[PDB]
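**Q** here are the coordinates; sequence isn't available:
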């Protein structure tokens, strides 16, 4: 595992040498290939190195980050085009990636938290540094302060577990089952925030709408998963307490998913709409996760991988349109099929994946969470039908409205799509399908 | 900026989400408790347990 | 050009109601021989009111319009090639400025055409400056 | 171009001198301008426009600046234009009947024929024949003629 | 015919797909028996569907023998199809007589 | 946008292929229909007589004598 | 050119028996139809036929030939000893 | 196929000549309907309806007030079909 | 391709494929074969998510006519659509429409149906949206949401049929005729069949999809979505009957 | 076809980090040798054992 | 001849992209086809043989396809190694607590 | 080949089979090498009951053993499903009489599977499965077999 | 592929074929033909009956 870490560390100096922007991604893509060869993992931890291991769960999430963090560099070519502190920008991602790799590769719960939040600050610099609109302040704080407010109490819950278990290592924790009501709320309300839950999602539409394209990728790509990944490790020893209060979370997320889907239909901003679509699906992920069944756990792991690639993908396309039309509102963006017809194909495939269209990896995960939820209670069929219905209602509205109609009138002349953009879109979607072939690996982490 | 807890807004917000959540969260708790009670009591033979594989 | 003024004379409200009344008549009685028969009678009903005071006419339009709406067809005819028609503006033509972003080799497939457009561009600016004062 | 902070609505207008500036601020002559009721969920001093039969009922043949939206150059946009848009809940002409009328007829017909069908479920027309005499072991099937 | 009579005077009409309710040998000095032609093995070997495993099986088997003999030009076996239909018509008559018998008998008991 | 256009008039004459084709399509249909009626007239009417249950005698059904 | 515009003098309302049926009605009612000479072109019989001709042709096009082929079909069948 | 301007001049006049409440002599490119030819408003409506069916589209009631002589109608149809030849 | 119309290229492929499938359907009729090939994705809790293909005369034969009609509709469109634009765009959708309907037909597995089933829900939507007028937009939106109800129904049926350990419904339909789970699967699949077939009150969308080009209407309302629901029920006819 | 230049020569430094990273963890496995060929599930049979330990 | 310039967005970038992608995917397909063809035709699969009486197979012996034998032998850690490192680490970690 | 088409059918099957058999016999098979691959065998390890409450290696030993046995037991059900799967296809239309015994084998296996691994969800481990058994047995002696209720 | 590399018992992936019983009709060989598969081990063998182990 140290092979990855020391590779990244020695790539830090590449931020300082000039005319090395493009030589960075290749080193970032090549390491993904090298990491892609060392899959021999199992449910239990493997490749121990001083505190760094990796199981099938951590592997897929790590590999997802390397892929996504590599696409960030492709997407944010404008930073290179205007030399807008590109060297500092590169160092932000290389640091950020290292924090993620450690976070998932950490074997002890305290470490996971140590790099859990620490990744936030590199993200926070990203929003303020390279965001256009003035609201990146008022969205910079929300991201920082919702997270800190609920992560600091989690730190107490972590330490209280040493004095009982005597250690942080995940395997040793699973041997215990705790009965204290507050402790349950000090290790899940901290992750329920970052999922996010419907009622505490108020930061998500602000952070995503204002953050740059690259920040949108990682915020939607890996930050929403750290909440999901964290839960998968800490419901193991909260099984008893999970049964007394699960019905509160399931109802909120399920009803939260439906209500947000209606909110999606009344949006008029591409960035906002995609961001609210994240809350909709993340409600199903959390819902199935708390069902605790074998299906709900394997499925939740799957959907987190698939959704991140998609929602990250859809943020590419919004940036492409915004870069030229200059406005992210739906009213400006119309009939793009008649300006950039080649682009509209990628709009569809990424859009179709978001609505659980086949043969994507997204449908495999969504079939499963749906199974666990139904088994949990037949009453869940009511909204789970509504949520899947409306989860396509806004996706069509997102795609159709922005691509189909007659062209805008005031738009000034702008460049057409470039090869970089097409290559970026392929790398987002094409794995999202081929992964179905080897779901063997990225599914059975239990 | 133009929001105010004017009662109409409260009445709007009350029925909008809070009761759908509360009523439906109540339904989930009710249905599972009834179903759970049978299992704990030992009513359902393992032959008849639904969703064996879930 | 001329942009229509929203204010509509009472004389025009009768005119429009007459046009709508006849077009509605066609939908019910498609056939021309029947249509021309009934359309003639419809024109008669207007001439038996042509000699009336406007204030009385105000009462006429009100019931004249309501009965029309009360007798609207469930599938009114339109012209397929015009506003509201089933086949209206099917195709959308991008703005001219698209052409200028073709790859230079692509432009080589129509060298005459792009040769001319750039002569027009020279004329267009002088035309635009005069029209809007530059 | 400005930013959102430079364009968000001002607080609800309270005075005629304030109304006139507000109407000016949205390119409206002072008679159109009509802020929302300000119950507490109001949109501030933003106008109230549309809310009628919908966008598609606007004159199609007028030479709009933006034909696609059927809107003019600097004209404001209704706060619920996303709902009364041409593809959303709008119609070209007023509906023939009251909204209640349509639901009654369709459901009224449907219920009126659900009961009839189910009342006749017993009185199935059957041809005058006995059941298939599938050969079963140890059972005695005959043929009529001696 | 119809089935309102069964609704208005159910005492006389045996009803839909009526199974016989009187003794089969009643009112008969005797009534001869019915004989199968096709064994279980023969029915299974040709994958004869269960609803077609009635007394007409042997003719149905003969139909497949010929039909498979000239496939796809099955019109060259139109003659064989006539017999199988010629036979299954008889069973429909037997079911009809079986029905009338009960209807006539059911009337008799009402009278007495 | 067919290249042919006619104003207050019937369309132009028809090529030989179109003239023949109309008869061949219509003619081919009728030839099929007639032949089936000739060779299979027993499908429109019942290919098997519907027996008059009433005509049957009480004895042949073995109805006992009251 | 795509077409030629005929002269208004050509169209005479008395040609079409169907339109003339309208005028006697309007005379009885007391009105007059100005836009009547327009409709004449639709009912030119030589180029549009009548209701009867269009109906006979539409249903029975090729029936005469269709029967004639059938007679050959019966001929071959008899010559192949099939009909009996 | 392209609709030549000369044909538009022919097609318009053909319809007007067939209209029985007009004079075939006065009828010319430049004549006015309500002024010269003594057409009523309702009569002028019927003429436009013929023009609509003649060429196959709607002439908006707002824009029919500009059509006060057959030359204007000729220009209108030419503009819609953008045949300026 | 650069010198051959994609319609000309397309037609020969489909007709030859249709003709070959026709020969097979005859072969499967003679022997009364049933072939069931399937590839496996992942398994857990004694369960398996698979792609499955059931080749019998009924599947193969109807698969042929979908190709025969489709081939001619493409060739027909060579002249219907020569005039506007984007013939290459249009036909590449129609081909994707055939394959989706093809996979729907063959599928004997409830999960595998979703592949062709949802693909039809999407590709069909694109064709309806083909023209750029507003009327097409409203038409296309109505169909996808109308079919998306059927899409939702099958998703719940998948969860319920988990109780029997598999999604090869063509094997359990006739031995589990009584139990409540089949009645719950048959209940949901009925909705999925009703929506694609445009029954009451879902009939509204089928007239709306006329906004598509006429070749599309031939493909959607002759050998596809309208017939999709019927074929699904033909595979579920036991519990329904 | 690669389209790589002398700037990629700097790539050796990250590859240097790879080998150093590989070396340490490989050295770590040589520190993991107290259940090596001793666990109940892979432990060697008691007596007549292979000279070189597996892994 | 007689055709009308119909204005459409440029396709060159898309045309170029489809070409470049097709080139580089082929640039990988020919090697792997050579390897998989070389592996299957010349090396071939193993044969499932019963374990001799007292024989200890090396971990790579437990798999069939020759390429899979190669990966597990020189590219990946044996399953025993990860199993028995994990035992050590859990042992030491348990001693912490 | 009594049928005309079947006579043509076999003609094609000769055409598609002829080359591949030759190709298999001519190139692939003759040029390959002899090599044998074996089957993993796992020595049974002590169950969780013998493990102490403080040692983790012994618990880790059993947890992995429990998981491997779970897979074997997950799919021994899968095999039995495929048998009833295959009988229904190889015996239709008269398949009810023949699949009925196979389904009886299947349903019994599921219950034994569900009595052992059932209702544990994910995170099921040797400790949890064994402890379900201890509670199940206690209830059995006190209230009799499940499904009869308590006393 | 469907003649040699079809799915067998030593793998999970790969295409797996379960064909039905051909209609045996008179004139065919041994008309009173019966399914040779009787014991449960016969079904879904996947080539397992002829393995060496």
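**A** Perfect, thanks for sending it. Numbering: from 1, shown residues only, chains lettered A, B, ... in the order given.
**Q** State the distance from the closest residue in space to residue G:16 that isn't next to it in sequence to chain B.
**A** Nearest non-adjacent residue to residue G:16, counting by C-beta to C-beta, 6 or more residues apart in numbering or on different chains: residue G:43, 4.3 Å away. Just so you know, the C-beta spots here come from the backbone N, C-alpha and C atoms, and that holds for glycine as well. Applying C-beta to the nearest C-beta, to the nearest Å, the value for residue G:43 to chain B is 66 Å.
**Q** can you pull the contacts of residue D:47?
**A** Contact partners of residue D:47, counting by C-beta atoms under 8 Å, 6 or more residues apart in numbering or on different chains, are D:26, D:28, D:32, D:33, D:34, D:35, D:76.
**Q** gap between it and chain E?
**A** 69 Å.
**Q** Check residue B:40 too.
**A** The spacing between residue B:40 and chain E, counted by C-beta to the nearest C-beta, is 45 Å.
**Q** Can you classify that residue as helix, strand or coil?
**A** Going by DSSP: H, G, I helix; E, B strand; the rest coil, the secondary structure assigned to residue B:40 is helix.
**Q** Number of residues surrounding it?
**A** Look at residue B:40: counted by other C-beta atoms under 10 Å in any protein chain shown, it has 8 neighbours.
**Q** Enumerate every residue touching it.
**A** No residues are in contact with residue B:40 under the rule C-beta under 8 Å, 6+ apart.
**Q** Would you mind listing the residues in contact with the closest residue to residue A:343 other than its chain neighbours?
**A** Excluding the flanking residues, the one nearest residue A:343 by C-beta to C-beta, 6+ apart is residue A:417, at 4.9 Å. Applying C-beta under 8 Å, 6+ apart to residue A:417 gives the contacts A:320, A:340, A:342, A:343, K:13, K:14.
**Q** Could you tell me which of these belong to helices?
**A** A:320, A:342, A:343, K:13, K:14 (DSSP state H).
**Q** Now the two most distant members of these.
**A** Greatest spatial distance in those: A:320 and K:14, 13.6 Å, computed using C-beta to C-beta.
**Q** neighbour-wise, which of these two wins?
**A** Neighbours were counted for residue A:320 and for residue K:14 using other C-beta under 10 Å; residue A:320 has more, 23 against 19.
**Q** quick one, what contacts that one?
**A** Neighbours of residue A:320 in contact, by C-beta under 8 Å, 6+ apart: A:343, A:417, A:421.
**Q** go on, residue K:17?
**A** For residue K:17, the contacting residues are A:419, A:422, A:423, by C-beta under 8 Å, 6+ apart.
**Q** what's the offset of stretch A:72-87 from the middle of its chain?
**A** 22 Å (C-alpha atoms, centre = their mean, to the nearest Å).
**Q** got a list of contacts for that stretch?
**A** So stretch A:72-87 is in contact with A:15-16, A:18, A:21-22, A:24-25, A:28, A:89-90, A:93, A:129-130, A:212-214, A:217-218, A:316, A:319, A:323, A:420, A:423-424, A:427, going by C-beta under 8 Å, 6+ apart.
**Q** do the same with stretch A:189-199
**A** A:146-147, A:150-151, A:153-154, A:157, A:200, A:203-204, A:223-224, A:226-228, A:230-231, A:234, A:249, A:252-253, A:255-257, A:259-260, A:279, A:282-283, A:285-286.
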